[PDB]
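These notes concern the structure reproduced below.
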Amino acid sequence: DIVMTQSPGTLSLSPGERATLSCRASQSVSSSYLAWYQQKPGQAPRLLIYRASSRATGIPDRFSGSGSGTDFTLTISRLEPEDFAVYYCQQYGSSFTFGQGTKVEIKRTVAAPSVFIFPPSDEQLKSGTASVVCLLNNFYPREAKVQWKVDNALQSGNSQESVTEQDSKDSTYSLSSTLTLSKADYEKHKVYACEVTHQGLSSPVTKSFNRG
Amino acid sequence: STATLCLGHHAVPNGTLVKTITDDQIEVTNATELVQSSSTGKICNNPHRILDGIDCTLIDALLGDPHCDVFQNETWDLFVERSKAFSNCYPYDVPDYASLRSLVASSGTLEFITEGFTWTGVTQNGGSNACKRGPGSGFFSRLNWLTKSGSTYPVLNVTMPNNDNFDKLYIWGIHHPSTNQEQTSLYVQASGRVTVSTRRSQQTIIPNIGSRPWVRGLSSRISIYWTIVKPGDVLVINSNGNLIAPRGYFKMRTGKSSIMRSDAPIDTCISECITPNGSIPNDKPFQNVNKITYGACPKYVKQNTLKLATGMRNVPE
Amino acid sequence: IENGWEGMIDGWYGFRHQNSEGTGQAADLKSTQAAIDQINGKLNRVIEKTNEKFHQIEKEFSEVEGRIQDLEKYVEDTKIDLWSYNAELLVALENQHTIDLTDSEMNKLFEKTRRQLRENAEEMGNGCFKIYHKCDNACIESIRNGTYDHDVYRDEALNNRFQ
Amino acid sequence: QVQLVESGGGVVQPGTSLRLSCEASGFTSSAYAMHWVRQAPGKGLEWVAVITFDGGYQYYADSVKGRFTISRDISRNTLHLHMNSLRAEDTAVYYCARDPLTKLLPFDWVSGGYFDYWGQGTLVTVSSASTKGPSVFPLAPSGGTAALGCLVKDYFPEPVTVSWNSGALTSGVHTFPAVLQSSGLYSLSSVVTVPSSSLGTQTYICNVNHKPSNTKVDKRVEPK
Ligand SMILES: *[C@@H]1O[C@H](CO)[C@@H](O[C@@H]2O[C@H](CO)[C@@H](O)[C@H](O)[C@H]2NC(C)=O)[C@H](O)[C@H]1NC(C)=O
Ligand SMILES: *[C@@H]1O[C@H](CO)[C@@H](O[C@@H]2O[C@H](CO)[C@@H](O)[C@H](O)[C@H]2NC(C)=O)[C@H](O)[C@H]1NC(C)=O
Ligand SMILES: *[C@@H]1O[C@H](CO)[C@@H](O)[C@H](O)[C@H]1NC(C)=O
Ligand SMILES: *[C@@H]1O[C@H](CO)[C@@H](O)[C@H](O)[C@H]1NC(C)=O
């Protein structure tokens, strides 16, 4: 079973720059039988290259494929705003197997997040549980770290989060973090805090509230 | 001691026979079939637009035979003429019937446009009990049976320009009375004459009086003719009797339309190759079903099987 | 060779050894893949779609008509005879060449092996090699995986061979 | 031209069975090798199954061997995938793809081909959860110029839709991907930033529509 290993995890480049993605194999393929697929979000993947270097019909001249044996690369000469997407590679040298995918995102300038914290809704707590929400609004790059602290007691295992796709105008991310607690545990403590650390912040920013 | 290293190839107990340039039969490990020889049995209603004629022939539908009025303004990729089709109208015949059927089938549309003809001097909309529509007598829906008005049948000299950017197909006819009595009693002259013409082209038929075998009551007939008028060119109809006038034109198109004769039922499925025996898949390069073909099809060949060896020579012990 | 091995079910070409440790059977993959790759490309050429044809001519008739019907018939008959011959010739060539290429693929596997065992073995004529040196299950798989050095067993194998 | 159209996914309970279908238009299915390829949500592409043009061989990924059978219907030019003994790990959108290369394929370790055309996908959600309607709760405002939103908790299955003032408010809106709670139910948040001097005078109503349960909720958001 040939395994396909793509690098890096995410790319990031400014529009107009040259991109270059890597695909390495666990064995030798068998004829450069290596393909490349593009996949915009919400769409099926579309084929770009086959046999490692042959452009598919209707693919612009800026996508080029290269490589042989074990190490293959996909070169995007100029980066047009249509090219930001996930790129998978696939071998058919032995059975069929897929890479893990390289997302190429837009590199804009560093953007500090704007932090908001939202105590649970009165209606919610009379149904047994209580949710505490934290907003990290329009930041870049994506990597951020939120941490909950109830009465400065570092919280773990009870909060989930999700992130939006890179915004289409300002190319930023936004993050939502939800601290599920029981009604029971909630009226024990007073200070509920959400602590954000991110490249665009000199020192960690802490937003919080007391109960009532 | 020592060691022994043996090389070889696989084999199988039962392999497949195939033909080569020298050997007539020769076993190999596997083979695939290059000749399609089977049919589901039905014609697939996609991707082609199939039109089931049912009890109508394309010409009847074209002309306006009452039970073929459902087929008005109709369109097809492939028109299917069933074998149960009959005529139930005025007894006609078309010189060059094959060519009319073909040229229409290729055009793929019975889209008719009625035109404002003016037949001053004669009685329009003639009918017959051989062509019942509704309660009483009737006619071909796309044809105008003209007869005398009063005691007179004046000489008709009407004209119709083609001022559109496409081609006009006109269908018209002439009438052949069984007797002289019927001739003068309808078209007061003793010998009729129709001359339909464009700028570049011209044809003119004289009617022929005489008894034909009795069909649906009549022993007289109609002869169907056609004329095509290109843009700028102009139609001129000229007759002092026995004319079967055109009510207008069919629009002419050029595309992948045609006609086929088949009694296979139509079904809702996909298939790109159509034969009289039903639809077939065109995966293989050759077919042995029917020489008659429509769409992307394997080529008809005489053989019912051609095995392509898909493995090495098979030698067991 | 001599005949094939119905007991091979994981490949098309391969080895069978007899040694000190036992007797084994392992299939060679690259040579199999080369024969499969060809026969595959072959198929791609023959199944390579068809020709679209829509409104043609009529090929059945209800009434005798003479000259034109005669011509319409002869034309289609001629065509069918011609595509029939083409089809009959196609499979014959494709098959002769198929067979030709699959036994040629054996003769390049066997010739690859002979060039490995420079002179540490002689060929019996069997489609087999007499190896003139101790060769465990680790040793022959060095022959299989192409990773065999002859200078190692050279001094040893030249001995048993020559006396 | 050539088209692939997959059919017959949905919410179904673990262990049960389910058949997916792929209609081929523009080409003969019997002239091509046909694949199934799936994509768990957020995750990447995973090959699942192949059937030769022959119908002669079938090969599967180990994660579905035994349980998934792939079939073709020459007569209807359609491709099927029979899924047995489903489970939560199988939850993905399942693609149908065409292979212009693989023709001969007699072992599970030989070369195949690339995927020429792709369908658009059909979603398979494998879960024990029952269809629940969302409970919509507010997120009240408190900065320079502050923010608000709705919490849409405990619903099943996806998707919900959220709008603000019935579509009148689009700029400055973020609706986050729904996360799966351990309860097995989904939950998401929608937030928006707005002028702060306008809180007392403008009204903000989030419109929540979850039609797998025929639920539709309009909640308002406001300080204190
Ligand atoms: C029959 O009808 C045609 C009408 O088309 C008459 O021909 C026209 O003659 C005039 C001159 O008299 C020309 O200027 C027109 O252009 C002609 N029409 C055309 C070309 O379409 C013809 O005179 C009529 N015949 C009779 C006996 O009335
Ligand atoms: C000849 O081809 C057929 C397929 O067209 C092969 O049949 C398959 O064999 C595998 C195991 O080898 C089975 O698991 C499949 O279910 C079979 N499918 C069908 C449709 O029969 C057959 O093995 C081939 N013969 C040889 C000698 O390789
Ligand atoms: C047929 O179509 C033409 C134009 O499309 C229209 O003028 C005519 O009235 C139609 N007649 C019928 C019976 O549909
Ligand atoms: C197809 O029909 C023709 C005549 O209608 C017949 O001679 C031929 O055997 C048929 N082929 C089939 C049913 O495969």
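Protein chains in written order, with the entry's author numbering: chain J, 23 to 234; chain A, 9 to 325; chain B, 10 to 172; chain I, 20 to 161, 167 to 248. Ideal Cβ positions, reconstructed from N, Cα and C, are used throughout, including at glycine.
DSSP on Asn298(A), reduced to helix/strand/coil?
coil
Output yes if chain J places a C-beta closer than 8 Å to the C-beta of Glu246(I); else output no.
no
Taking the alpha helix (DSSP H) that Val25(J) belongs to, which residues open and close that run?
Element bounds for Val25(J): n/a, residue is neither H nor E.
Decide if the stretch 101 to 109 of chain A is in contact with the stretch 228 to 235 of chain A; the criterion is three or more beta carbon pairs, one per stretch, under 8 Å apart.
yes
Using 10 angstroms around the beta-carbon of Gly23(B), count the other beta-carbons present and answer buried if the total reaches 16, otherwise exposed.
buried
Just the residues with CB closer than 5 Å to a heavy atom of ligand 1, in chain order, which are they?
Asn165(A) and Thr167(A)
Determine the burial state of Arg127(B): buried for a count of at least 16 other Cβ atoms within 10 Å of its Cβ, exposed for fewer.
exposed
Per DSSP, what kind of secondary structure is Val323(A) in: helix, strand or coil?
coil
Can you find a C-beta in chain B that's less than 8 Å from the C-beta of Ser48(I)?
no
What does DSSP give as the partner residue(s) for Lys171(J) in the beta ladder?
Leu176(J) and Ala215(J)
Would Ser52(J) count as contacting chain B if we go by Cβ distances under 8 Å?
yes
Listed by chain order, chain J residues near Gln42(B) by CB distance under 8 Å
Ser52
Can you tell me whether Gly20(B) sits near ligand 2, meaning its C-beta is under 7 Å from at least one heavy atom of the ligand?
no
Using the Cα positions of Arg117(I) and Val56(I), report the straight-line distance between them to the nearest angstrom.
11 Å
Run the proximity test for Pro324(A): is its beta-carbon closer than 7 Å to any non-hydrogen atom belonging to ligand 2?
no
Taking all protein chains shown into account, do 16 or more other C-beta atoms lie within 10 angstroms of the C-beta of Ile58(A), making it buried, or fewer, making it exposed?
buried
Answer with buried or exposed for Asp73(A), where buried requires no fewer than 16 other C-beta atoms within 10 angstroms of its C-beta.
buried
When you compare each of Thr150(I), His101(I), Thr110(I) and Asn189(I) to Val232(I) by their alpha carbons, which one comes out closest?
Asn189(I)
Mind listing the chain A neighbours of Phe72(I)? Cutoff is C-beta to C-beta under 8 Å, in chain order.
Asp291
Contact defined as beta carbons within less than 8 Å: I believe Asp275(A) pairs with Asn54(A). What is the distance between those atoms, to the nearest angstrom?
The Cβ separation is near 10 Å, so there is no contact.
Quick one: what does DSSP say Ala78(J) is sitting in, helix, strand or coil?
coil
Pick helix, strand or coil for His17(A), following the three-state DSSP scheme.
strand
Pick from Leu35(J), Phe231(J) and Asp23(J) that is closest to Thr131(J), judged by C-alpha positions:
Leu35(J)
Give the secondary structure of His64(B) by DSSP, where H, G and I count as helix, E and B as strand, and everything else as coil.
coil
For ligand 4, any of its heavy atoms closer than 7 Å to the Cβ of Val297(A)?
yes
Assuming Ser115(A) is part of the alpha helix (DSSP H), what are its boundary residues?
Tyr105 to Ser115
Since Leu64(I) and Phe120(J) should fall inside the 8 Å C-beta cutoff, what is the C-beta to C-beta distance between them, to a whole number of angstroms?
5 Å
Assess contact between the stretch 218 to 225 of chain J and the stretch 161 to 177 of chain J, defined as three or more Cβ pairs (one per stretch) separated by less than 8 Å. Is contact present?
yes
Rounded Cβ spacing between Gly286(A) and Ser115(A) (contact assumed at less than 8 Å):
That belief does not hold up - the Cβ atoms of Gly286(A) and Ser115(A) are roughly 26 Å apart, past 8 Å.
Neighbour list for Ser279(A) in chain I, Cβ cutoff strictly below 7 Å:
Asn96
Output, in chain order, the set of chain I residues within a Cβ distance shorter than 9 Å of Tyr55(J).
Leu120, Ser130, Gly131, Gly132 and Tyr133
Check whether chain A comes within 8 Å of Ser44(I), counting only Cβ atoms and requiring the distance to be less than that.
yes
Locate the alpha helix (DSSP H) running through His159(B), then write down its first and last residues.
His159 to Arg170
Once DSSP output is grouped into helix, strand and coil, what is the label at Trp92(B)?
helix
Using a beta-carbon distance below 8 Å, is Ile56(B) in contact with chain I?
yes
So which residues on chain J does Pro201(I) lean against when the C-beta distance must stay under 8 Å?
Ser184, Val185 and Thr186
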